[PDB]
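K.L.:
Structure incoming, see below.
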Amino acid sequence: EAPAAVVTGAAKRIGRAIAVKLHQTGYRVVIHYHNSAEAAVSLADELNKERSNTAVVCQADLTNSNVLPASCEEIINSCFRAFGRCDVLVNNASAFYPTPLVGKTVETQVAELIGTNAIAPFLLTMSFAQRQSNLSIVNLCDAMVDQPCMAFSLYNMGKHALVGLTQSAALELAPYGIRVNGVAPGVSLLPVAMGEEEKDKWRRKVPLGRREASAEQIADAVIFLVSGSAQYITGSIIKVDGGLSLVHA
Amino acid sequence: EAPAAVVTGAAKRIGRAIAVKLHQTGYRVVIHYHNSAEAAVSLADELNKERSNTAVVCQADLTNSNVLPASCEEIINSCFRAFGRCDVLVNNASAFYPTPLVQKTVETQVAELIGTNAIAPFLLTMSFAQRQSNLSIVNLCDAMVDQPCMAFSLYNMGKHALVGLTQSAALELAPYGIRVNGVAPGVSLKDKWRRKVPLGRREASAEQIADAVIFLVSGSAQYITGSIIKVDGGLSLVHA
Amino acid sequence: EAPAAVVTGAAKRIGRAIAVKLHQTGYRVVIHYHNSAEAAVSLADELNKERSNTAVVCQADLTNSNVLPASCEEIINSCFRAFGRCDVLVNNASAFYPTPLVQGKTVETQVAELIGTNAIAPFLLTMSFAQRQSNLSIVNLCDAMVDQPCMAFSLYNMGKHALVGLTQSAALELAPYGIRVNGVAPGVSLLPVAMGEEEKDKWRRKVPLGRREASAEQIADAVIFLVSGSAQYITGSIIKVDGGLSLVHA
Amino acid sequence: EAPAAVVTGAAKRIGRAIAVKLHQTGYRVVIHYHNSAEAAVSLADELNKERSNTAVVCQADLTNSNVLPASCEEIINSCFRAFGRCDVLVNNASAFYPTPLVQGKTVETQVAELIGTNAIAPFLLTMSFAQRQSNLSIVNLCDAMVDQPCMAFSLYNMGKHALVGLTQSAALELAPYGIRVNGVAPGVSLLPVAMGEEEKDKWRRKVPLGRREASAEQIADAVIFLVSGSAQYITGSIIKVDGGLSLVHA
Ligand SMILES: NC(=O)c1ccc[n+]([C@@H]2O[C@H](COP(=O)([O-])OP(=O)(O)OC[C@H]3O[C@@H](n4cnc5c(N)ncnc54)[C@H](OP(=O)(O)O)[C@@H]3O)[C@@H](O)[C@H]2O)c1
Ligand SMILES: NC(=O)c1ccc[n+]([C@@H]2O[C@H](COP(=O)([O-])OP(=O)(O)OC[C@H]3O[C@@H](n4cnc5c(N)ncnc54)[C@H](OP(=O)(O)O)[C@@H]3O)[C@@H](O)[C@H]2O)c1
Ligand SMILES: NC(=O)c1ccc[n+]([C@@H]2O[C@H](COP(=O)([O-])OP(=O)(O)OC[C@H]3O[C@@H](n4cnc5c(N)ncnc54)[C@H](OP(=O)(O)O)[C@@H]3O)[C@@H](O)[C@H]2O)c1
Ligand SMILES: Nc1nnc(-c2ccc3nn[nH]c3c2)s1
Ligand SMILES: Nc1nnc(-c2ccc3nn[nH]c3c2)s1
Ligand SMILES: Nc1nnc(-c2ccc3nn[nH]c3c2)s1
């Protein structure tokens with residue numbers, strides 16, 4: 001009776017806030033993770049303490065390879081095994097690091113940045129759709145996709161590809177009652193590795209409050225798109241960026 | 001106590017559905033009208049029956065003229081007079097009709113399709129901002145702005161200007177805590193069109209439009225500014 | 001036999017560069033101006049010395065009013081009166097100044113100038129150009145920064161957005177008549193005359209490609225391309241000529 | 001000293017027209033091909049007949065694999081070995097076929113081909129071109145219909161969106177080296193040879209400007225503009241050459 005959702009990269013940060021908020025809304029959740037096993041299991045525990053049998057973890061590397069399609073099939077399969085249905089897919093997992101044009105090989109960087117950000121979402125969408133009410137998919141896009149960070153070409157290419165996926169899947173899956181939309185953060189939870197001075201630099205550019213989005217503010221937008229209040233919305237990407245993308249150089 | 005909202009063109013169709021849903025969310029509402037007095041009063045009567053003195057009407061012609069600034073000032077003033085505050089402005093009033101390039105005087109068409117659709121929103125935004133917690137403005141945009149209807153140049157120009165207003169005002173009013181966003185309908189703005197809509201199994205409704213407005217004004221959108229949410233069932237994604 | 005073009009606001013700066021380059025390409029030109037009469041006649045003189053009877057001036061206020069349609073009709077009529085044809089229209093004239101939302105022109109004067117020159121006059125000129133009708137085209141001078149606007153420039157930004165709308169709508173509607181409609185969108189080109197060098201340099205340093213503004217000739221080069229036979233399948237396109245400026249985040 | 005250009009997928013159709021036009025403009029050219037050896041060689045021979053020693057061919061599969069980076073480096077290197085320089089890179093090669101989301105080549109083969117040719121190979125060639133480095137520029141062949149995609153072409157559409165991102169990212173990053181990066185976005189150009197005329201006509205009828213597809217030469221014309229001295233302030237721009245097709249509602 002309770003709908004179920006898959007959230008990729010849900011152990012920490014934005015994915016975690018999305019998983020929590022979906023769960024609070026009445027969803028049973030698959031918490032996908034890659035490396036963060038301790039945090040993933042700890043979240044599922046917390047959620048199950050609240051309503052028993054409403055959260056499972058599922059481990060998978062979302063780097064592109066010849067076995068990525070089986071890994072994505074497995075993620076969707078894990079939701080059906082635990083819950084007997086899969087109503088919502090949130091493509092939240094992402095690799096993010098510079099790849100300048102001028103210790104990983106370039107084909108590894110391609111496999112990670114294009115695999116996680118675009119190919120895995122595509123295969124997960126395929127598996128989600130094939131395995132099939134208010135069905136929908138939400139992709140975590142990037143509000144700054146047309147004003148990209150310097151030396152982030154592969155990342156930016158993957159995020160552009162994800163816009164294409166959002167539009168193409170919205171068109172193709174509409175006759176099956178599956179809506180596909182995006183949420184596009186500007187600056188939200190900044191990278192762990194980033195110094196406080198660089199963090200503050202980005203914070204000062206944001207027109208609305210000179211602060212980053214909380215993870216919860218991003219999840220709020222995801223909640224809207226999966227809700228019955230968004231039933232005529234497909235192929236839309238909602239910026240949740242405090243106006244950052246509007247600010248000229 | 002309760003927040004207050006101005007909705008332009010609120011007597012019928014989309015503006016009515018927006019006024020109703022804001023009222024249901026707990027807003028006091030100014031129902032603006034130009035020609036539809038009976039409809040505006042009927043809505044106000046319906047809302048006041050639910051909760052006393054929570055709905056007023058306000059007449060103004062939104063055509064561009066030397067008196068448009070005064071009229072827009074009055075609309076915002078009427079909210080402050082009735083309710084002591086003005087938290088939300090919904091720029092919903094719209095004129096819609098073709099203006100072929102190869103052939104009402106043209107300058108009258110300009111006054112309506114640019115005046116009502118873009119200049120009135122600009123003047124209302126100025127007045128709203130001047131007279132100033134979760135403050136926001138929502139502009140009713142058009143999902144088909146980049147694939148426009150044939151021979152609707154002035155209309156299309158006004159809706160493009162309204163996008164520009166949404167972004168410019170989002171930037172300039174952010175320091176004041178005023179968020180500025182848009183909702184862009186499709187076919188809600190006949191059977192031939194519905195069959196082209198990807199989510200065509202669902203009928204388009206004014207309430208679906210209002211649902212997106214309600215989100216953008218809510219605390220669930222407090223970091224969202226300068227965004228335009230398409231509510232078009234995927235229509236804008238469909239090639240010719 | 002030579003084709004003819006109207007350039008609005010052509011007395012100086014980018015409009016002059018466009019009129020000159022069209023003239024060098026073999027066009028006869030209507031140099032429209034509003035206040036810059038000396039500069040306009042002087043440019044017509046230069047072009048007419050190069051080839052006689054190839055340039056005329058035409059004075060018009062492009063502020064919106066109930067007579068703006070007549071003024072726009074007259075500009076197009078001037079081209080047919082001088083040259084017997086009108087092949088190209090370049091909507092280059094523009095008012096540009098701030099209009100803050102929170103507070104000695106009246107607001108309705110600001111609307112009439114910023115929306116009139118930037119959008120309504122281009123619409124009326126387009127109407128008159130089309131109705132008076134080979135390689136026919138219209139080029140609108142747009143703004144590469146239309147989605148990352150200057151703070152407190154709402155009316156200017158609304159006008160330039162409206163011009164993108166006109167470009168697309170007119171391309172759609174006029175295509176059956178063989179009239180192409182395209183746009184050229186500068187980022188920073190010739191900085192305002194009233195701007196001091198220090199402020200100019202702040203803008204210059206933002207530009208990835210060479211940390212300098214576009215020359216007027218660089219803008220004109222893109223106009224020349226769009227009116228040329230090398231752009232015969234291009235309509236409804238807006239070419240940024242911005243040195244990468246619009247790609248730079250805050 | 002004549003400048004040099006690499007054109008990928010240059011044996012036929014659009015890439016061929018681009019190679020021809022660049023050669024006519026005075027470029028020496030590397031004609032890259034995958035399967036079309038006879039056509040590539042016939043083009044090189046025709047070009048060398050016009051001016052000896054101005055065209056070479058270079059075979060490479062541009063499908064993504066662990067050897068793709070080496071292949072792309074070899075394509076750029078072949079330009080330097082043949083001509084001593086490489087001024088222009090045109091990323092034209094493309095795979096195009098449907099990949100339905102709901103139910104041959106395996107899906108990972110489809111990924112390697114559609115994403116490899118359309119996006120990753122352009123990225124690797126851009127890296128190699130830049131690492132090797134006056135009017136240097138790259139032109140990527142994009143798709144004017146990228147936001148109104150064909151039904152069931154998700155991977156193709158993803159690859160073309162990725163290419164827009166590459167165009168913008170590389171424009172920003174390479175601007176300090178004086179390398180401009182732009183795109184040309186056809187709508188309907190040369191249709192498949194086997195596609196029935198009745199099917200070709202369904203697409204032709206949708207084009208506002210002339211109810212016809214672009215010739216390969218019309219696409220090449222925009223490429224020539226972008227690499228020319230007339231575009232030296234243009235970077236990060238994508239020119240639609242689509243006859244207004246992308247402006248047409250459903
Ligand atoms: N934060 C921002 O400011 C911002 C801005 C724009 C867009 N976004 C987008 O919003 C989403 C969430 O942002 P975020 O900052 O929360 O993301 P994040 O913490 O950088 O990454 C989210 C998760 O992705 C997973 N991941 C990384 N590489 C992976 C791989 N090869 N296979 C499988 N999973 C992998 C990680 O899982 P494990 O920890 O389990 O290994 C990680 O916890 C992302 O899609 C991001 O691109 C965020
Ligand atoms: N320069 C830049 O950096 C830049 C950046 C983005 C976009 N653009 C666009 O490119 C185009 C040319 O730029 P620019 O700097 O050369 O323009 P500009 O010098 O600011 O203005 C060009 C001409 O517009 C005419 N004009 C102004 N108000 C008018 C009115 N009410 N009626 C009739 N004509 C009027 C003036 O003619 P008179 O002198 O005869 O009175 C003026 O010479 C404009 O459309 C502009 O918006 C320029
Ligand atoms: N034609 C149109 O209407 C249209 C519309 C939108 C966009 N475009 C874009 O414009 C560009 C040119 O269009 P087109 O129709 O002329 O292209 P096309 O003929 O479909 O393909 C161009 C060449 O790409 C090469 N190619 C394909 N797969 C390859 C692989 N795995 N490795 C290496 N090379 C490969 C082929 O080379 P070989 O023959 O040597 O094997 C082919 O001749 C393309 O990027 C296309 O996407 C075209
Ligand atoms: N401007 C930005 N600074 N950090 C960003 C960021 C941080 C974490 C991310 N995870 N995925 N993508 C991310 C972008 S975007
Ligand atoms: N960023 C910019 N700095 N100056 C700009 C400018 C200069 C002259 C203009 N005339 N019309 N519009 C203009 C914008 S845009
Ligand atoms: N609408 C379109 N019809 N055919 C198209 C087409 C034809 C050949 C291509 N090669 N790459 N991409 C292509 C698109 S696009």
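Quick note on naming: the chains in the structure tokens go A, B, ... in the order shown, residues restart at 1 in each chain, and ligands are numbered from 1 in order of appearance.
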Residues at most 6 Å from ligand 3, using only C-alpha atoms and all ligand atoms? Could they come as a PyMOL selection string?
P.N.:
chain D and resi 9+11-15+33-36+60-63+92-95+113+117+141-143+186-191
K.L.:
Emit the selected residues as a short mmCIF file (atom, residue, chain, number, x, y, z; two decimals), in the first residue's frame, including C-alpha atoms.
P.N.:
```
data_model
loop_
_atom_site.label_atom_id
_atom_site.label_comp_id
_atom_site.auth_asym_id
_atom_site.auth_seq_id
_atom_site.Cartn_x
_atom_site.Cartn_y
_atom_site.Cartn_z
CA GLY D 9 33.65 11.64 -40.71
CA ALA D 11 34.25 10.93 -46.48
CA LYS D 12 30.62 11.75 -47.26
CA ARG D 13 27.72 14.15 -46.91
CA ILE D 14 28.16 17.02 -44.45
CA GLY D 15 31.77 16.23 -43.45
CA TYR D 33 36.98 8.11 -41.90
CA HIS D 34 35.92 4.88 -40.19
CA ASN D 35 34.40 2.53 -42.77
CA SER D 36 34.21 4.66 -45.91
CA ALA D 60 39.88 5.53 -36.96
CA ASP D 61 36.93 4.03 -35.15
CA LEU D 62 35.54 6.73 -32.80
CA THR D 63 33.49 4.33 -30.69
CA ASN D 92 31.50 16.14 -37.49
CA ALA D 93 31.44 12.31 -37.19
CA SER D 94 28.23 11.05 -35.66
CA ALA D 95 26.32 7.81 -35.08
CA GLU D 113 28.87 4.35 -30.26
CA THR D 117 31.30 9.29 -31.40
CA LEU D 141 28.31 19.70 -35.22
CA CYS D 142 25.41 19.97 -32.80
CA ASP D 143 21.66 19.46 -33.40
CA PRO D 186 21.61 21.63 -38.42
CA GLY D 187 17.90 20.89 -38.25
CA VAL D 188 16.99 18.74 -41.22
CA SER D 189 19.92 18.51 -43.60
CA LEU D 190 20.89 15.61 -45.88
CA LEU D 191 18.36 12.88 -45.11
#
```
K.L.:
Kindly provide, as a list in words, the residues of chain A having any atom no farther than 7 Å from an atom of chain C, counting only C-alpha atoms.
P.N.:
residues 146, 147, 148, 205, 246, 247, 248 and 249 of chain A
K.L.:
Restricted to C-alpha atoms, what would the selected residues look like written as a PDB file, in the first residue's frame?
P.N.:
```
ATOM      1  CA  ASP A 146      25.504  26.833 -19.057  1.00  0.00           C
ATOM      2  CA  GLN A 147      27.970  28.763 -16.873  1.00  0.00           C
ATOM      3  CA  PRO A 148      30.256  25.869 -15.945  1.00  0.00           C
ATOM      4  CA  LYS A 205      27.588  35.181  -5.011  1.00  0.00           C
ATOM      5  CA  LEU A 246      21.093  34.868 -13.014  1.00  0.00           C
ATOM      6  CA  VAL A 247      24.276  36.657 -11.840  1.00  0.00           C
ATOM      7  CA  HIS A 248      26.622  37.891 -14.573  1.00  0.00           C
ATOM      8  CA  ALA A 249      30.431  37.574 -14.281  1.00  0.00           C
TER       9      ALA A 249
END
```
K.L.:
Excluding same-chain residues fewer than 4 positions from stretch 200-214 of chain B, what lies within 6 Å of it counting only C-alpha atoms, as a PyMOL selection string?
P.N.:
(chain A and resi 229) or (chain B and resi 14+17-18+188+194)
K.L.:
Can I get the selection written as an mmCIF file, in the first residue's frame, with N, CA and C atoms?
P.N.:
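In the end it all went to result-v5.cif:
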```
data_model
loop_
_atom_site.group_PDB
_atom_site.id
_atom_site.type_symbol
_atom_site.label_atom_id
_atom_site.label_comp_id
_atom_site.auth_asym_id
_atom_site.auth_seq_id
_atom_site.Cartn_x
_atom_site.Cartn_y
_atom_site.Cartn_z
ATOM 1 N N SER A 229 0.585 17.061 -6.692
ATOM 2 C CA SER A 229 0.512 18.446 -7.127
ATOM 3 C C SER A 229 1.351 18.746 -8.375
ATOM 4 N N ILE B 14 -7.933 30.516 -14.792
ATOM 5 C CA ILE B 14 -6.725 30.215 -14.030
ATOM 6 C C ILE B 14 -6.584 31.112 -12.803
ATOM 7 N N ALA B 17 -8.837 29.888 -10.029
ATOM 8 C CA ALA B 17 -8.321 28.669 -9.412
ATOM 9 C C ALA B 17 -7.137 29.010 -8.489
ATOM 10 N N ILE B 18 -6.287 29.941 -8.925
ATOM 11 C CA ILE B 18 -5.213 30.414 -8.074
ATOM 12 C C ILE B 18 -5.730 31.121 -6.814
ATOM 13 N N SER B 188 -3.703 24.763 -21.362
ATOM 14 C CA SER B 188 -4.586 25.446 -20.410
ATOM 15 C C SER B 188 -4.820 26.922 -20.806
ATOM 16 N N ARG B 194 -4.848 18.690 -27.636
ATOM 17 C CA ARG B 194 -4.736 17.708 -26.551
ATOM 18 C C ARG B 194 -4.044 16.421 -26.990
#
```
K.L.:
Could you give me, as JSON lines, a per-residue list for chain C showing, wherever an atom lies at most 10 Å from an atom of chain B, the closest pair of atoms and their distance in Å to one decimal, using only C-alpha atoms and sorting by chain then residue number from low to high?
P.N.:
```
{"residue": "C:64", "atom": "CA", "partner": "B:107", "partner_atom": "CA", "distance": 8.8}
{"residue": "C:65", "atom": "CA", "partner": "B:107", "partner_atom": "CA", "distance": 7.6}
{"residue": "C:66", "atom": "CA", "partner": "B:107", "partner_atom": "CA", "distance": 6.0}
{"residue": "C:67", "atom": "CA", "partner": "B:107", "partner_atom": "CA", "distance": 8.8}
{"residue": "C:68", "atom": "CA", "partner": "B:107", "partner_atom": "CA", "distance": 8.5}
{"residue": "C:69", "atom": "CA", "partner": "B:106", "partner_atom": "CA", "distance": 7.9}
{"residue": "C:100", "atom": "CA", "partner": "B:172", "partner_atom": "CA", "distance": 8.2}
{"residue": "C:101", "atom": "CA", "partner": "B:126", "partner_atom": "CA", "distance": 4.9}
{"residue": "C:102", "atom": "CA", "partner": "B:130", "partner_atom": "CA", "distance": 5.5}
{"residue": "C:103", "atom": "CA", "partner": "B:130", "partner_atom": "CA", "distance": 7.2}
{"residue": "C:106", "atom": "CA", "partner": "B:66", "partner_atom": "CA", "distance": 9.8}
{"residue": "C:107", "atom": "CA", "partner": "B:69", "partner_atom": "CA", "distance": 7.9}
{"residue": "C:108", "atom": "CA", "partner": "B:66", "partner_atom": "CA", "distance": 6.5}
{"residue": "C:109", "atom": "CA", "partner": "B:66", "partner_atom": "CA", "distance": 9.3}
{"residue": "C:111", "atom": "CA", "partner": "B:119", "partner_atom": "CA", "distance": 7.9}
{"residue": "C:115", "atom": "CA", "partner": "B:114", "partner_atom": "CA", "distance": 9.2}
{"residue": "C:119", "atom": "CA", "partner": "B:157", "partner_atom": "CA", "distance": 8.0}
{"residue": "C:120", "atom": "CA", "partner": "B:110", "partner_atom": "CA", "distance": 8.0}
{"residue": "C:123", "atom": "CA", "partner": "B:154", "partner_atom": "CA", "distance": 8.0}
{"residue": "C:124", "atom": "CA", "partner": "B:101", "partner_atom": "CA", "distance": 8.4}
{"residue": "C:125", "atom": "CA", "partner": "B:101", "partner_atom": "CA", "distance": 9.9}
{"residue": "C:126", "atom": "CA", "partner": "B:101", "partner_atom": "CA", "distance": 7.4}
{"residue": "C:127", "atom": "CA", "partner": "B:101", "partner_atom": "CA", "distance": 4.9}
{"residue": "C:128", "atom": "CA", "partner": "B:101", "partner_atom": "CA", "distance": 8.3}
{"residue": "C:129", "atom": "CA", "partner": "B:101", "partner_atom": "CA", "distance": 9.6}
{"residue": "C:130", "atom": "CA", "partner": "B:102", "partner_atom": "CA", "distance": 6.6}
{"residue": "C:131", "atom": "CA", "partner": "B:102", "partner_atom": "CA", "distance": 5.8}
{"residue": "C:132", "atom": "CA", "partner": "B:102", "partner_atom": "CA", "distance": 9.5}
{"residue": "C:146", "atom": "CA", "partner": "B:164", "partner_atom": "CA", "distance": 7.5}
{"residue": "C:147", "atom": "CA", "partner": "B:167", "partner_atom": "CA", "distance": 7.2}
{"residue": "C:148", "atom": "CA", "partner": "B:167", "partner_atom": "CA", "distance": 8.0}
{"residue": "C:149", "atom": "CA", "partner": "B:168", "partner_atom": "CA", "distance": 6.3}
{"residue": "C:150", "atom": "CA", "partner": "B:168", "partner_atom": "CA", "distance": 8.0}
{"residue": "C:151", "atom": "CA", "partner": "B:172", "partner_atom": "CA", "distance": 6.1}
{"residue": "C:152", "atom": "CA", "partner": "B:172", "partner_atom": "CA", "distance": 6.2}
{"residue": "C:153", "atom": "CA", "partner": "B:168", "partner_atom": "CA", "distance": 7.2}
{"residue": "C:154", "atom": "CA", "partner": "B:168", "partner_atom": "CA", "distance": 5.3}
{"residue": "C:155", "atom": "CA", "partner": "B:165", "partner_atom": "CA", "distance": 7.7}
{"residue": "C:156", "atom": "CA", "partner": "B:164", "partner_atom": "CA", "distance": 9.1}
{"residue": "C:157", "atom": "CA", "partner": "B:164", "partner_atom": "CA", "distance": 5.8}
{"residue": "C:158", "atom": "CA", "partner": "B:161", "partner_atom": "CA", "distance": 4.2}
{"residue": "C:159", "atom": "CA", "partner": "B:161", "partner_atom": "CA", "distance": 6.3}
{"residue": "C:160", "atom": "CA", "partner": "B:161", "partner_atom": "CA", "distance": 7.6}
{"residue": "C:161", "atom": "CA", "partner": "B:161", "partner_atom": "CA", "distance": 5.2}
{"residue": "C:162", "atom": "CA", "partner": "B:157", "partner_atom": "CA", "distance": 4.3}
{"residue": "C:163", "atom": "CA", "partner": "B:157", "partner_atom": "CA", "distance": 6.8}
{"residue": "C:164", "atom": "CA", "partner": "B:160", "partner_atom": "CA", "distance": 7.5}
{"residue": "C:165", "atom": "CA", "partner": "B:157", "partner_atom": "CA", "distance": 4.8}
{"residue": "C:166", "atom": "CA", "partner": "B:157", "partner_atom": "CA", "distance": 5.8}
{"residue": "C:167", "atom": "CA", "partner": "B:153", "partner_atom": "CA", "distance": 9.0}
{"residue": "C:168", "atom": "CA", "partner": "B:146", "partner_atom": "CA", "distance": 7.3}
{"residue": "C:169", "atom": "CA", "partner": "B:153", "partner_atom": "CA", "distance": 5.3}
{"residue": "C:170", "atom": "CA", "partner": "B:153", "partner_atom": "CA", "distance": 6.9}
{"residue": "C:172", "atom": "CA", "partner": "B:150", "partner_atom": "CA", "distance": 7.0}
{"residue": "C:173", "atom": "CA", "partner": "B:150", "partner_atom": "CA", "distance": 6.2}
{"residue": "C:174", "atom": "CA", "partner": "B:101", "partner_atom": "CA", "distance": 8.1}
{"residue": "C:177", "atom": "CA", "partner": "B:102", "partner_atom": "CA", "distance": 10.0}
```
K.L.:
Please compute the atom 5 (C, counted along the ligand's line) of ligand 4-atom CA of residue A:237 distance, one decimal, in Å.
P.N.:
17.9 Å
K.L.:
Specify as a PyMOL selection string all residues of chain D found within 8 Å of chain C, counting only C-alpha atoms.
P.N.:
chain D and resi 168+171-172+175-176+178+180+208-210+214+218+221-222+225+230-244+247-248
K.L.:
Take the residues from that selection and write them out as a compact mmCIF listing (two decimals), in the first residue's frame, keeping N, CA and C atoms.
P.N.:
```txt
# COMPACT_ATOMS: atom_id res chain seq x y z
N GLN D 168 30.68 24.67 -24.78
CA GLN D 168 30.71 25.77 -23.80
C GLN D 168 31.91 25.65 -22.86
N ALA D 171 35.16 26.25 -24.77
CA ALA D 171 35.27 27.68 -25.14
C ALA D 171 35.86 28.46 -23.96
N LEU D 172 35.32 28.22 -22.77
CA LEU D 172 35.78 28.91 -21.57
C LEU D 172 37.25 28.58 -21.25
N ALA D 175 39.91 29.65 -24.21
CA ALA D 175 39.97 31.07 -24.58
C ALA D 175 41.35 31.70 -24.26
N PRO D 176 41.96 31.36 -23.09
CA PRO D 176 43.31 31.95 -22.83
C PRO D 176 44.39 31.57 -23.85
N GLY D 178 43.77 31.31 -26.98
CA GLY D 178 43.34 31.89 -28.25
C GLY D 178 42.62 30.87 -29.13
N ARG D 180 39.19 29.32 -30.18
CA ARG D 180 37.74 29.57 -30.10
C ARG D 180 37.05 28.20 -30.28
N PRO D 208 9.89 25.90 -42.11
CA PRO D 208 9.30 27.17 -42.56
C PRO D 208 10.01 27.78 -43.77
N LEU D 209 11.33 27.78 -43.76
CA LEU D 209 12.07 28.49 -44.81
C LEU D 209 12.27 27.60 -46.03
N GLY D 210 11.26 27.58 -46.91
CA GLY D 210 11.40 26.93 -48.21
C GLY D 210 10.92 25.49 -48.27
N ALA D 214 18.39 21.46 -45.42
CA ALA D 214 19.62 22.18 -45.75
C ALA D 214 20.47 21.29 -46.64
N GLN D 218 25.25 24.32 -47.27
CA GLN D 218 24.71 25.37 -46.38
C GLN D 218 25.23 25.18 -44.94
N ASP D 221 28.83 26.27 -45.01
CA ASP D 221 28.96 27.74 -45.01
C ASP D 221 29.09 28.35 -43.59
N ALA D 222 28.31 27.82 -42.64
CA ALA D 222 28.34 28.33 -41.26
C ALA D 222 29.63 27.92 -40.61
N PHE D 225 32.28 30.37 -41.89
CA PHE D 225 32.17 31.61 -41.13
C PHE D 225 32.85 31.50 -39.77
N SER D 230 36.33 36.67 -39.74
CA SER D 230 35.04 37.36 -39.47
C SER D 230 34.34 36.93 -38.18
N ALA D 231 34.89 35.92 -37.49
CA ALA D 231 34.31 35.38 -36.27
C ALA D 231 35.31 35.40 -35.13
N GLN D 232 36.30 36.28 -35.21
CA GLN D 232 37.39 36.17 -34.24
C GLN D 232 37.02 36.57 -32.80
N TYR D 233 35.83 37.12 -32.58
CA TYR D 233 35.37 37.40 -31.21
C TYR D 233 34.28 36.41 -30.79
N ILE D 234 33.98 35.44 -31.65
CA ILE D 234 32.88 34.51 -31.39
C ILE D 234 33.47 33.24 -30.76
N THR D 235 33.07 32.96 -29.53
CA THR D 235 33.37 31.66 -28.92
C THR D 235 32.24 31.24 -28.00
N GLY D 236 32.04 29.92 -27.90
CA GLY D 236 30.94 29.38 -27.12
C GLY D 236 29.57 29.56 -27.78
N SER D 237 29.54 29.84 -29.07
CA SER D 237 28.28 30.12 -29.73
C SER D 237 27.89 28.93 -30.56
N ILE D 238 26.58 28.66 -30.64
CA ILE D 238 26.10 27.60 -31.52
C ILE D 238 25.12 28.20 -32.53
N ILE D 239 25.47 28.15 -33.81
CA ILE D 239 24.60 28.73 -34.86
C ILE D 239 23.65 27.67 -35.42
N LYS D 240 22.34 27.87 -35.26
CA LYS D 240 21.36 26.97 -35.85
C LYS D 240 21.36 27.26 -37.33
N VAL D 241 21.39 26.21 -38.12
CA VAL D 241 21.22 26.33 -39.57
C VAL D 241 20.08 25.37 -39.88
N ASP D 242 18.85 25.81 -39.59
CA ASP D 242 17.72 24.91 -39.57
C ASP D 242 16.45 25.43 -40.26
N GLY D 243 16.53 26.57 -40.94
CA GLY D 243 15.35 27.04 -41.74
C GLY D 243 14.13 27.36 -40.87
N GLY D 244 14.36 27.57 -39.57
CA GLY D 244 13.29 27.88 -38.62
C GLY D 244 12.61 26.66 -38.01
N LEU D 247 11.70 26.34 -34.30
CA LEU D 247 10.72 27.30 -33.77
C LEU D 247 9.27 26.83 -33.94
N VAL D 248 9.09 25.70 -34.62
CA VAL D 248 7.76 25.21 -35.01
C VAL D 248 7.18 24.34 -33.90
```
K.L.:
For chain B against chain A, which residues fall within 7 Å using only C-alpha atoms, given as a ChimeraX atom specification?
P.N.:
/B:167,170-171,174-175,177,198-199,208,211,220,223-227,229-234,237
K.L.:
Using Å and a single decimal, report how far atom CA of residue C:198 sits from atom CA of residue C:10.
P.N.:
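Result for atom CA of residue C:10 versus atom CA of residue C:198: 27.4 Å, one decimal.
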K.L.:
In Å, rounded to a single decimal, give me how far atom 33 (C, counted along the ligand's line) of ligand 1 is from atom CA of residue A:31.
P.N.:
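Atom CA of residue A:31 sits 11.6 Å away from atom 33 (C, counted along the ligand's line) of ligand 1.
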K.L.:
Considering only strand (DSSP E) as DSSP defines it on the backbone, what residues of stretch 8-234 of chain B qualify? List them as a PyMOL selection string.
P.N.:
chain B and resi 28-33+55-59+88-91+136-140+179-185+228-231
K.L.:
Would you list the residues that come within 8 Å of ligand 4? Count only C-alpha atoms and all ligand atoms and give the answer as a VMD selection string.
P.N.:
chain A and resid 93 to 96 142 144 149 186 to 191 199 202
K.L.:
Return as a ChimeraX atom specification the full set of residues in stretch 19-152 of chain D whose backbone-based DSSP assignment is alpha helix (DSSP H).
P.N.:
/D:19-24,37-50,68-83,107-115,121-131
K.L.:
Residues near stretch 54-59 of chain A, anyone? I mean within 6 Å using only C-alpha atoms, not counting same-chain ones fewer than 6 positions away, as a VMD selection string.
P.N.:
chain A and resid 28 to 34 44 48
K.L.:
Which residue is closest to ligand 2? Choose from C:49, C:204, C:21, C:32 and count only C-alpha atoms and all ligand atoms.
P.N.:
C:32
